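Enquirer:
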Ligand SMILES: [Ca+2]
Ligand SMILES: [Ca+2]
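Protein chains in written order, with the working numbering: chain A, -6 to 42; chain B, 89 to 138; chain C, -12 to 40; chain D, 239 to 287; chain E, 840 to 888; chain F, 489 to 538; chain G, 88 to 193; chain H, 94 to 305; chain I, 174 to 211; chain J, 174 to 211.
1. According to DSSP, is residue 192 of chain I part of a helix, a strand, or is it coil?
2. When you compare the CB of residue 5 of chain C with every CB in chain D, is at least one pair closer than 8 Å?
3. Which one of E/845, E/888 and E/880 has the shortest CA to CA distance from residue 860 of chain E?
4. Report yes if the C-beta distance between residue 99 of chain H and residue 141 of chain H is below 8 Å; otherwise report no.
5. Please report how far the alpha carbon of residue 189 of chain H lies from the alpha carbon of residue 147 of chain H, in whole angstroms.
6. Answer yes if the stretch 105 to 121 of chain H comes into contact with the stretch 215 to 224 of chain H, meaning at least three C-beta pairs across the two stretches below 8 Å, and no otherwise.
7. For a contact meaning CB atoms closer than 8 Å, what does residue 14 of chain A contact in chain C?
8. Note down, in chain order, each residue of its chain lying with its Cβ closer than 6 Å to the Cβ of residue -3 of chain C, except the 5 sequence neighbours on either side.
9. Could you give the DSSP three-state label for residue 108 of chain H: helix, strand or coil?
10. Take residue 38 of chain C and list the residues in its own chain whose beta-carbon comes closer than 6 Å to its own, dropping the five residues that flank it on each side.
11. Note down, in chain order, each residue of its chain lying with its Cβ closer than 6 Å to the Cβ of residue 258 of chain D, except the 5 sequence neighbours on either side.
12. Is the beta carbon of residue 2 of chain C sitting closer than 8 Å to the one on residue 280 of chain D?
13. Which of the residues in the stretch 179 to 192 of chain I, read from start to end, lie with their CB under 9 Å from any CB of chain G?
14. Could you tell me which whole beta strand (DSSP E) segments of length 3 or greater appear in the stretch 97 to 162 of chain H?
15. For the beta strand (DSSP E) containing residue 147 of chain G, list its first residue and its last residue.
16. Does residue 514 of chain F come out as helix, strand or coil in the three-state DSSP assignment?
17. What are the partner residues of residue 43 of chain A, as DSSP defines its beta bridges?
18. DSSP three-state call for residue 187 of chain H: helix, strand or coil?
19. With a cut-off of 5 Å, give the chain-ordered residues whose Cβ is closer than this to any heavy atom of ligand 2.
20. From the DSSP output, in three-state form, read off residue 110 of chain G for me.
21. Please list, in chain order, the residues of the stretch 16 to 37 of chain C that have any C-beta partner in chain G closer than 7 Å.
22. Who pairs with residue 37 of chain C in a beta bridge, going by DSSP?
23. Please name the residue in A/34, A/22 and A/33 whose C-alpha comes closest to that of residue 181 of chain G.
24. With a 10 Å radius around its C-beta and 16 neighbouring C-beta atoms as the bar for buried, classify residue 489 of chain F as buried or exposed.
25. Which residues in chain C sit within 9 Å of residue 11 of chain A, going by Cβ to Cβ distance?
26. Provide the residue span of the alpha helix (DSSP H) that contains residue 536 of chain F, from first to last.
27. Counting only C-beta atoms, is residue 532 of chain F closer than 8 Å to chain H at any point?
28. Can you list, in chain order, the residues of its chain with a C-beta nearer than 8 Å to that of residue 188 of chain G? Leave out the 5 residues immediately preceding and following it.
29. Quick one: give me the first and last residue of the alpha helix (DSSP H) that residue 40 of chain A is part of.
30. Against chain C, which members of the stretch 121 to 142 of chain G pass a CB distance test of less than 7 Å?
31. What does residue 116 of chain B pair with, by DSSP beta-bridge criteria?
32. By a C-beta neighbour count over all protein chains shown, 10 Å radius and 16 as the cutoff for buried, is residue 197 of chain H buried or exposed?
33. List the residues of chain H whose Cβ lies closer than 7 Å to the Cβ of residue 35 of chain G, in chain order.
34. In the DSSP assignment, what are the bridge partners of residue 157 of chain G?
35. Within 10 angstroms of the Cβ of residue 207 of chain J, are there 16 or more other Cβ atoms? Answer buried if so, exposed if not.
36. Considering only their Cβ atoms, is the gap separating residue 122 of chain G from residue 112 of chain G smaller than 8 Å?
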């Protein structure tokens, strides 16, 4: 939820650090999907600040 | 648990310690430094030759 | 009816203190109260990222 | 449960930094003496025992 | 960022396990007691499991 | 250079043996093992057309 | 739900037009509060739509070249369930009890 | 040559998926909306839908079409039959494969919809669509005139730049319209030129991959 | 099974339609589950 | 000349149309410049 929740060492580094508070939830009865909850993007919140 | 210590700056030699929390089991910590570099900020000016 | 589910708060503990980092997706009530004879409740609508100690 | 010559292990809870109490076991009183230490957590999720 | 999602692996009346791909901030929870659906009716034919 | 894979045959990635209008799922099987490849774009762009 | 004579018919509107009762299908009738709504069903004088919030409601259908409409200043409002104030209902989440209009005409 | 850039999506098909807010209830939809990305400035969003664009129902090229799936059978319409909106009506620019480029105003959802002879298809998803101005004068519709500034918009042409999405083998889609009842047995009629498989637990455990 | 919304009929595939759309002479379910026993 | 947008083709009259409308088989520019040299 803050700046640098995604950290890639260079622009094409192919190794990124992700700490985004991703949590998986239980799907609805009779539905094939992957539900999840996570904190919103901190680069957008940093652009808002 | 914030634990601070100090290690001598010498390669090859293993450095050992433990952490004694006052009512629990002692937690051993080992750090063996292998290769310790020192890389300056290097700025090319010119080359020369014959 | 299916209702949404807010992100997990990030709870930091201290001596007789709880801090809470709260990143909401859409506005969300935080309702706290103490379990004593004086509850001192707190009904607040948090819409932005906010730290509550 | 008691055996003939074994050793019985109990669990207890305290607030005392130097606890000392007479433990009654079925006829007799034995003295338990020690030094307790602070726990590792600040805030827990169960009430006080 | 972009939360990548995998397609759900459904075994009709069996059990599944978690295979880590070591992707960044990767979560893998496995949910039992499902009765999923496609556009062509039910997918499995059991009630539980 | 970079040699792609369809079998134990290291072929040049810009020279496909087949096309998509010929085989329905063998170009797909060629793009299967060749995902981790720095010449995937060359392989695909040469491998669709004749 | 009635035909232009009085009997059953599936998805149709029946309306008086200067004396002579006429009818049109129900996919020819559109309505909108602020965004476009979605008609679910109709039964007698009543209709069950699905509208977003807005400060008026406009129903309109179209004849061959004559357009009919009615706008009334009635507040149409949206109501979330629980302690998160969504504006559009989500794709997933915990199940909760609610109180909605029933689809059937029982 | 544009066909060398469309050649990737000749390999793929459209599909149906789950839309929680359809024209009546929650359906399985041909126009399920996987994502909406709106990070450019002057109103340009980029939908990733379940349909495909710029291809006809065989796999060749046609200019302004949408190629969707319909219960297995892959059908098509022109792109000017599809409309979408957020709070105001949007305006579709073009499409390429699973993606589309609209010119949308700000809102809190996307509703793509098109209409067949009588069946109206829709899909609404609660994804925020945001509008971003350039510089230090906050407008909402871009002006007639002024000065020019360096902005970032979504590009109007398909072109291979370093960003890829990932393809996979489709699973088995159970289809009811195949199994039918005879007098006493269960009659399975797989579609022509296409295999199937049937799994039953009427007697014991059962599996059979029948071909036509 | 059961639809979440009270006044609805459930198709074969789990899609809930209104209860007044069952046995109406118009197909609404995939494979006509509202058009079987009327 | 050049269009301001990153991927657009400029007609004779200056109207910018997207790049995949050039040599597609439909007239888009006034007098079809996009449909001249295919
Ligand atoms: Ca029906
Ligand atoms: Ca053209």
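C-beta: ideal position from N, C-alpha, C; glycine also.
Expert: With the given structure in hand:
1. helix
2. yes
3. E/845
4. no
5. 6 Å
6. yes
7. -6, -5, -3 and 10
8. 8
9. coil
10. 8
11. 271
12. yes
13. 179, 180, 181, 182, 189, 190, 191 and 192
14. 110 to 112, 120 to 122, 126 to 130 and 137 to 148
15. 144 to 149
16. helix
17. With chain A represented from -6 up to 42, any question about residue 43 of chain A goes unanswered, as that position is not in the structure.
18. strand
19. J/194, J/197, J/199, J/201 and J/207
20. strand
21. 16
22. C/9
23. A/22
24. exposed
25. Within 9 Å Cβ-Cβ: nothing; residue 11 of chain A doesn't reach chain C, min ~15 Å.
26. 528 to 536
27. yes
28. 135
29. 35 to 41
30. none
31. B/106
32. buried
33. Since the displayed chain G opens at 88 and closes at 193, residue 35 of chain G lies outside it and no answer follows.
34. G/146
35. buried
36. no
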